[PDB]
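[1] How does the following fold in three dimensions:
(chains A, B, C, D, E, F, G, H and I)
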Amino acid sequence: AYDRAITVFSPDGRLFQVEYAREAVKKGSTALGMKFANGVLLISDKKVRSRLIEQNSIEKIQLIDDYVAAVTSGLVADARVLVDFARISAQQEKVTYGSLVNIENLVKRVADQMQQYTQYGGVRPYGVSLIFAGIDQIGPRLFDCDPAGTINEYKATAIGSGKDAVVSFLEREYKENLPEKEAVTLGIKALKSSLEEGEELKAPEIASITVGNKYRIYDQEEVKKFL
Amino acid sequence: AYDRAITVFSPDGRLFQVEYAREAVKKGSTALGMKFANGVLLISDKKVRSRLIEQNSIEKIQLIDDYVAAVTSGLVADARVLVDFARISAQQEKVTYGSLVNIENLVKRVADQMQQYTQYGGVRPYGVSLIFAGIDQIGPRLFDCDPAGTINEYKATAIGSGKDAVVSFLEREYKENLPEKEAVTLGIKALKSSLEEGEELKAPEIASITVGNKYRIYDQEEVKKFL
Amino acid sequence: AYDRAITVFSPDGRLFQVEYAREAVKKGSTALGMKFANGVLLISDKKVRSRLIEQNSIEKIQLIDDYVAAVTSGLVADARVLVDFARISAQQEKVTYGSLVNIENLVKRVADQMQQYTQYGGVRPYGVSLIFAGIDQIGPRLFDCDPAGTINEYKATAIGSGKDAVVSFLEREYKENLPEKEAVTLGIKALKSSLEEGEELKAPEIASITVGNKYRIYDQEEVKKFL
Amino acid sequence: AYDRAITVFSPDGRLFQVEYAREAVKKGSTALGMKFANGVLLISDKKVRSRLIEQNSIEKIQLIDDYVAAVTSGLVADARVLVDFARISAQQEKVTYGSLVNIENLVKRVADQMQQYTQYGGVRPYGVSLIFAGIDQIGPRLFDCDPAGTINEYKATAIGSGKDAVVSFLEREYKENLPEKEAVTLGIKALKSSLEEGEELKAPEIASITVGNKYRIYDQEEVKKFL
Amino acid sequence: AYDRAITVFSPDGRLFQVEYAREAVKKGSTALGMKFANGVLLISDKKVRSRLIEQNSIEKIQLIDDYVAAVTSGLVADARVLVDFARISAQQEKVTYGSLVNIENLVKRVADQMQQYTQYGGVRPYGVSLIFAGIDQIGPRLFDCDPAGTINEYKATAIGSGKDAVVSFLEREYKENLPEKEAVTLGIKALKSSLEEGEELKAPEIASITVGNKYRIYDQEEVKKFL
Amino acid sequence: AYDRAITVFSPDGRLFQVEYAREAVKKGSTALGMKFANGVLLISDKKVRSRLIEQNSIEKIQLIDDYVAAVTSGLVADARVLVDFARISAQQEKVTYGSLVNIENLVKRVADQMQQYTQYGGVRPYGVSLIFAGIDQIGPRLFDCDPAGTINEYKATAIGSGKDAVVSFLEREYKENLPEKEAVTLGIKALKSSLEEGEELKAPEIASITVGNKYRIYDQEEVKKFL
Amino acid sequence: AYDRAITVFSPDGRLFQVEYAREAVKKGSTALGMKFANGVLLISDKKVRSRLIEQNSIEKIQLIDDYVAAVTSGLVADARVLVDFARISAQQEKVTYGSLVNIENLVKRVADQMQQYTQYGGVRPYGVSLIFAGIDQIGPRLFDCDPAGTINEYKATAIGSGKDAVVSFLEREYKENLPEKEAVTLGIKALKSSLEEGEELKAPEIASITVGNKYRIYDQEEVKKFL
Amino acid sequence: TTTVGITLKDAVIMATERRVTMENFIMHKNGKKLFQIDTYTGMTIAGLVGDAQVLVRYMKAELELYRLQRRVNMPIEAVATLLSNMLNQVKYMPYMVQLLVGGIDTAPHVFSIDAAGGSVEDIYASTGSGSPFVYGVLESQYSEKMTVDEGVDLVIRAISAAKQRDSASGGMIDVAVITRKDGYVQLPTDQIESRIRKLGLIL
Amino acid sequence: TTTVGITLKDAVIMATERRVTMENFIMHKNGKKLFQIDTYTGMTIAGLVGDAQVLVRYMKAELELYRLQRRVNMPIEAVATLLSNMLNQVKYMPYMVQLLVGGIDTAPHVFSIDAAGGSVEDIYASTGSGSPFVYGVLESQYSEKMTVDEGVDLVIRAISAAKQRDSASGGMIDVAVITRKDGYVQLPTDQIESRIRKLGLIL
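    Residues are numbered from 1 along each chain as shown, chains lettered A, B, ... in the order given. Take a look:
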């Protein structure tokens, strides 16, 4: 079979190793983002694993800069290395031009790195998907990115195990230009939709940014009022 | 068998991995271009996937410069990386000589890169075909390019799943030097030809350029009047 | 099968060679660390092998600097090379900024090195886990790190053969902000918990650091009073 | 078997991968060249594929300089890359000495590149044959070159699918020192010889050069008068 | 199986190629070292192979500098290359700081080199163990080192075929701080212990160093008085 | 088996890939050289392949400089690349010292290159044998060289398909210090000896050089007088 | 099996490819060296292959400098390359210090090169053994060296096919400090010992050096008086 | 040296003279400073002879290569831009030259290029030590309306003035006329000599 | 140094003298400054002796190599173009030389090449500190119509003048005549001495 090496097309023109890399993404917990009225937000599930792990330790929404954030899903080591690459890439743009004008180009730079590792032998793909959300000179932006290096801009999207339940649910309920407080509710409903059989939804993370402002991370007291 | 490595000829003198890379091109949606009276145009199908994806996000006609455009079909990550290479290659020619005199040479430079990845081990071919259309000091130009690095200049051509239905249809109807408004109709007919059994054709992208002028992208309101 | 090469994803999106690297970690003796009132500590089991080995020779708690320590478990050669890398990395941060402000970043630098060896062919992963414990401008910090390059910050954690017995026991008994003398007792109880059937626990190593102070290594006379 | 790698001799002393590379050459359309009275000419078949392809686009006779031309047969991407190499190689000789004194050496430089790719692992051979024709300080010259890097000077020769029908026919009819107009006839007869059963011969390409002059490409109106 | 490449973990987390490298060490003749009152010594068996070999040729105790010596066991070519590396590494330390303060660090530098060849593909491990013995600013030191790059400091240890017989025997008889003349006797007894059935023990090599002094190699006349 | 890679010894200590490379040499046409009174000569068979090939094109005796010549047999592309190397190597010696004093060293430099390709993986051996003949400050010299890099100086030798018939025949008839005209006859006899059953011997090449003089190539009119 | 790659230990700790390399050494003709009264000598068999090979061409004793000589046995191309390396290595020592004080170190430098090719993948070992004989500031010296990089100093030794017959014979007859004329006889006897059943011993090579003097090569007239 | 280039309706005219000095010492009376480098392009060189020559060869080469790869001649502005880039890339270790590049694409053009790669189009230009005397003649006597035969005379005149007041300049005058119709034609010596006589002049 | 090269109908004549000074100090009376580098090509060297010699060797080498690879001798203009490129490539760390390259291809040719790689063909040329005295003699006495024997005398004369007014020049005169028929012939000393006598001269 044709699935043992990243540089080998199958006879139907498939890179199976890339597709398998994508299966790594599905093992991560769900996370979603959606655009609303003059803003964008991210929500991510926290599967608590133990009393003994620090909570404000590795949670999944990471600021790339003051106006741009990301959630990841997949191998955690590789997520880290890509977030840190995203952060450095943002600062380079700022040092060359004094401002990040289009976020699409930050994402493009990250996706390019990811693609590069699906064309050369002797490296494996990054087993991660990302969502990028922030404001720029175009407006609020929401992107996703996968192990293959594939970009799409969304109004709403999800990544992780419960992706399909959530993309299915937003396909039916999502409305453009809600107010922040309602978008966050709609989000939480979407996320609840993805669990099976009267299973608890513990405190997720939420972060939001609205035009003209900086990012704000909801603290878990504020987040509870939507459960 | 002899189909596991890009550097290995079969006994009949075949590079199977290249031919498989070509099968990746067939999974893309159809796109076509044709020359007309003092101009050239591109048309590309938009298979809408969801309400939730931004439409003016990844659509497939990309300007390389003001006078040159491209449509791709195949792996989207690789398409992106080639279009961006094409763009940088165009600007290099402009810095060396102050003008892009023959577009054939921009295509040649891109096709060379693609061929280079079909001769060395440790890299896989790009799974993409492209169409290049624009005006230059020779006149209007229409080219295509495949994973192998193979170039042809056309009067009309297509790429993507519905390639054959469309090349078959233009083989019978196409006339040289139509006016713009008729070429665009003929194109839409060719595209419709390629769908099976009373299936909808939603708004495609159209871009055109005529001698002496710059490229213009039809907005979807103007595009509708041909459906 | 898909477990012969670090660069090869299985079809479910698994790097089996990484997972096997992790099995090397389980062959090391148990070690644990826990946060307490204005401090953090490390405890590590000493399986004495022979009268003829020098005791104050390779024991497992290593100072990285005066305010940061580490325990390892797994292949001893690789542990060594990583501890020495961690030491050099700490000094580089001190030369660039005159102080190690966040230990998270020392761990991140080490974890990055470890992850790097799970993406390129021609290298094997490091078969080691580490715990990092120390004080910094945030407070007391406890981290762990695995062959994959995965970081977590903990209140308490263990590494080695008896990890699960110990993490299970702390999951039931651990309290935040104990005094030093009681945290050390609780730790020893956790460690004892992990042995099978009335088996001796010989003198472990214990090291502690409390805010405002430097690290201190308990000498085996002081350690005995907890057995 | 011993046919999977370019660097492996069979037990009889064969490089099978080279021999397969040679099979790629046979899939190209026929072309021939012949020396005549104070001149040399090339003729090449044009298998027209479609109304929609531009005709003065990729045709197969390419000037290397004003006094040297080449026809290729085999993989088209590789033909292109070699012709462009040949062209650059001719200009280097002209910048070093101010004139291309012996064409044999231009061919030798190209053939050397081709042979180089039959001795190192990690590259595949070029799947191309070429014919080089032109005038130099020795006189008119006609050469061929194959994937192996093998050179021969000929009075007449062919390359492509119909090679054998054509070399067989010239073996019986060819005369030294014909006039141009007759050589071209004899060539066309040879070419017709190679088709099966009352099959059409559409307009080939013809280019000629005679001592003291520059190359001239017959335009298809002039070419017709020999059909 | 998982034992064909140095970079491949078995599923239990084993580097089998390293373990096999260790089997090379067992084919060497036995050697031992032990610490005594203000000193350290080495003893090594000489299996005489022929009248025709020069005796003061390759014997196994090698001075690294005037205060540090080493015995090896395993592949002789690799032993040589490692002793010569150790020697160079000692002189580097002396040029940087004017004195070898801790021998542990000379050993660490050698062990590091050895470990480095158990992580990268395309190199095989060194099939050698070493014992390092000497005096430094800490006191008398005795170390060993294996193909894996593993260090231990000993009071007494052995390497070679008869390792286990000898480590077993010292485990029962060895006492700290004997005088030189008795340590040497105890050593010889240990070594005799390791031969089978009334087999001769021909003249071994003995070297010793005591605090404040330089190394001295016993000549075979002095060595005989212990047989 | 052990015959698939140049870097692999068989268990009897054989490099089978080298021996197979040597089989390539046997497919070449025969050539011989012999020393005579104050001189040395070369003779090489010309298997004429067609009326259409130019005769003064690739014939097999090549001057390396004015006083040194070579015949080859084996792969023609590789013969070419070695002759050109030999030529450049001779000129380097002349630029360093102003004269080629010993031809043995030119041969040694060529043989060294050939051997180098029988020790590193990722290259195949040159499938060629050579004979080197010429005058130098020692006298007339005759050498041969094979794919392995193996040198011998001869009084007479042959290479190619008919090697054995010819070396067998000279083993019985050859005399030292014949005159030029008789050596050439004896050579032609030897060559005729090697053909089977009343088969024609068409005009071979002959080149000779005598002390104090430059090389001379017999033209085919002079050569005929020996048939 | 574990005998396909130089970098792979067998489970018993064997490098089979090295051992096979050693079988290449056995195919060479026998050669021996022995120490005598204030001197050392080398003798080497000449299996004459043909009248047609020049005798004073490749014979096997090579001077490294005026006071040091070597015989080889194994692959002749590799012997050459190692002798030339040895020669360059001697001159480097002379330029650094003005004199070759200990020959052991010249041998060690050669042996190190040989060992280096038994530790890295992608190269094969040298299939050669050498004997080094000469005078230096210690006295007369006799060494041997094998494909593995293994050194021994001998009073007498042999290499080649008849090694065992010869080492066996000297084991019984060899005496220290013979006069030159008798050592040479004893050597010839040893050599004759190694042939089977009343087989001729044709003229060997003999070279000798005595303290205070330069090397001298016996000419075949002088050599005959010992047959 | 004195080289000059002028544009007209549908023509370009270039002229040089042929003297080569190594200081005050006239080493060669008859060097070549005007070169055809494409079908409809010529170049004149002043400055260090070695550097100028290397550049003439590169240009001939690289413009012939362009033509084959593109099947059209490189636009004259592109030729100038190419040289601009080459000379600038190495401004701190330069080609010590002054180039005029003249020719016909859709219209006629003359470009003047310095050793740092500054390129400028004018309707006429002159280079070399004799250039100011040419500029004097041209300022006074040049008209855009001039016919080709009027222009050929004008440059012959200009250079012949330059020759008389510049000891760095001398020798026979070379002239080339570049038209869309007949291409680059180098006027033959005896026709130039004829016009020196008819205008009443010297060298 | 004084070296000279002249062309005639079907001949090229080159001559040098043999003095080598390290300042005012005449270190060698009898060095060699004229070399054959191909069948029908010769080269004369002036300038730094080390650099000139390294070039003589390269040229011998590379022209012999050309001949074998092409089976024709490198055209004389190609030889000059080769050197042009070599010397220019390293203009800022140069070979400190002045070369004359003379020979026969389809016609005869003499080329003069400077340390920056500027090469120029003329019908005669001289190089070295004695060159201006040669140029004086040649300007007055040279004719294209000269027979070979007339030319051989002319250069012997030129150099013998240069020798008398240039303390950097002296020693026996070397001469070589290059014809299609007999190739490069170096005229033997006793024949040159004979002509110095017959023209009535000195050194």
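[2] What about the residue in chain A that chain H sits nearest to, how many residues nearby?
    Across chain A, no residue is closer to chain H than residue A:96, which sits at 22.8 Å (Cβ to the nearest Cβ). Just so you know, the C-beta spots here come from the backbone N, C-alpha and C atoms, and that holds for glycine as well. Burial of residue A:96 is recorded as 8 neighbouring residues (other Cβ atoms under 10 Å in any protein chain shown).
[3] Residue H:199 too?
    The number of residues near residue H:199, taken as other Cβ under 10 Å, comes to 11.
[4] Look up how far chain A lies from it.
    Distance, residue H:199 to chain A, using Cβ to the nearest Cβ, to the nearest Å: 62 Å.
[5] and that residue, what is it in contact with?
    Contacts for residue H:199 (Cβ atoms under 8 Å, 6 or more residues apart in numbering or on different chains) come out as H:153, H:156-157, H:160.
[6] rerun at 6 Å
    By Cβ atoms under 6 Å, 6 or more residues apart in numbering or on different chains, the contact set of residue H:199 is empty.
[7] Enumerate every residue touching the residue of chain A closest to chain H.
    By Cβ under 6 Å, 6+ apart, residue A:96 has no neighbours at all.
[8] got it, and residue A:70?
    Per Cβ under 6 Å, 6+ apart, neighbours of residue A:70: A:62, A:64, A:130, A:132.
[9] In CSV, list those along with distance to residue E:222 and secondary structure.
    What follows is these, written out as CSV (distance: Cβ to Cβ, whole Å; DSSP: H, G, I helix; E, B strand; the rest coil):
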residue, distance to residue E:222, secondary structure
A:62, 72, strand
A:64, 74, strand
A:130, 74, strand
A:132, 78, strand
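[10] Pick out whichever of those sits closest to residue F:199.
    residue A:130 (76.7 Å; Cβ to Cβ).
[11] surely the closest one meets residue A:143?
    No: look at residue A:130 against residue A:143 with Cβ atoms under 6 Å: they stay out of range, at 8.1 Å.
[12] returning to that earlier point: so the residue of chain A closest to chain H belongs to a strand, correct?
    No: using DSSP: H, G, I helix; E, B strand; the rest coil, the secondary structure at residue A:96 is helix, not a strand.
[13] Could you give the bridge partners of residue A:40?
    residue A:35, residue A:209 (DSSP bridges).
[14] wait, what's in contact with it?
    Here residue A:40 is in contact with A:133, A:140, A:142 (Cβ under 6 Å, 6+ apart).
[15] Kindly report the residues of chain H close to chain B.
    Applying Cβ under 6 Å from any Cβ of the partner chain, we find that chain H lies next to chain B at H:70, H:78, H:81-82.
[16] which among the residues you listed gets closest to residue D:23?
    Nearest to residue D:23 among the residues of chain H next to chain B: residue H:70, at 33.9 Å, using Cβ to Cβ.
[17] Surely the closest one and residue B:100 touch.
    No: using Cβ under 6 Å, residue H:70 is not in contact with residue B:100; the gap is 10.5 Å.
[18] neighbour count winner among these two?
    residue B:100 (21 against 16).
[19] right, and that one touches residue B:93 too?
    Yes: with contacts counted by Cβ under 6 Å, residue B:100 reaches residue B:93, the gap being 5.4 Å.
[20] any idea how far the spatially most central residue of chain A lies from residue A:171?
    Geometric centre of chain A, nearest residue: residue A:131, 2.3 Å, by Cα atoms, centre = their mean. Relative to residue A:171, residue A:131 is positioned 17 Å away (Cβ to Cβ, to the nearest Å).
[21] Other residues contacting the helix or strand that contains the residue nearest to the centre of chain A?
    Assessed by DSSP states H and E, residue A:131 sits inside strand A:128-136. Contact with strand A:128-136 is made by A:25, A:33, A:40, A:42, A:67-74, A:78-79, A:82, A:102-103, A:107, A:141-146, A:159, A:209, A:211, as judged by Cβ under 6 Å, 6+ apart.
[22] so where do the helices sit in chain A?
    Ranges of helices in chain A, per DSSP state H, are A:16-25, A:76-97, A:103-116, A:163-173, A:180-193, A:220-224.
[23] can you tell which of those is closest to residue E:53?
    Of the helices of chain A, nearest to residue E:53 by Cβ to Cβ is helix A:76-97, at 55.6 Å.
[24] Point me to the helix or strand that includes the closest residue to residue H:118 other than its chain neighbours.
    Excluding the flanking residues, the one nearest residue H:118 by Cβ to Cβ, 6 or more residues apart in numbering or on different chains is residue H:84, at 7.2 Å. Element membership for residue H:84 (DSSP H and E) is helix H:76-89.
[25] Mind checking what helix or strand follows that helix in sequence?
    Following helix H:76-89 in sequence order, the next helix or strand is strand H:97-104 (DSSP H and E).
[26] Pull up the pairing partners for that next one, direction included.
    Going by DSSP bridges, the partners of strand H:97-104 are strand H:41-47 (antiparallel), strand H:108-113 (antiparallel).
[27] Could I get the ones you listed in a markdown table, plus columns for distance to residue G:163?
    Below are the strands paired with strand H:97-104 laid out as a markdown table (distance: least, Cβ to Cβ, whole Å):
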| stretch | distance to residue G:163 |
| --- | --- |
| strand H:41-47 | 75 |
| strand H:108-113 | 77 |
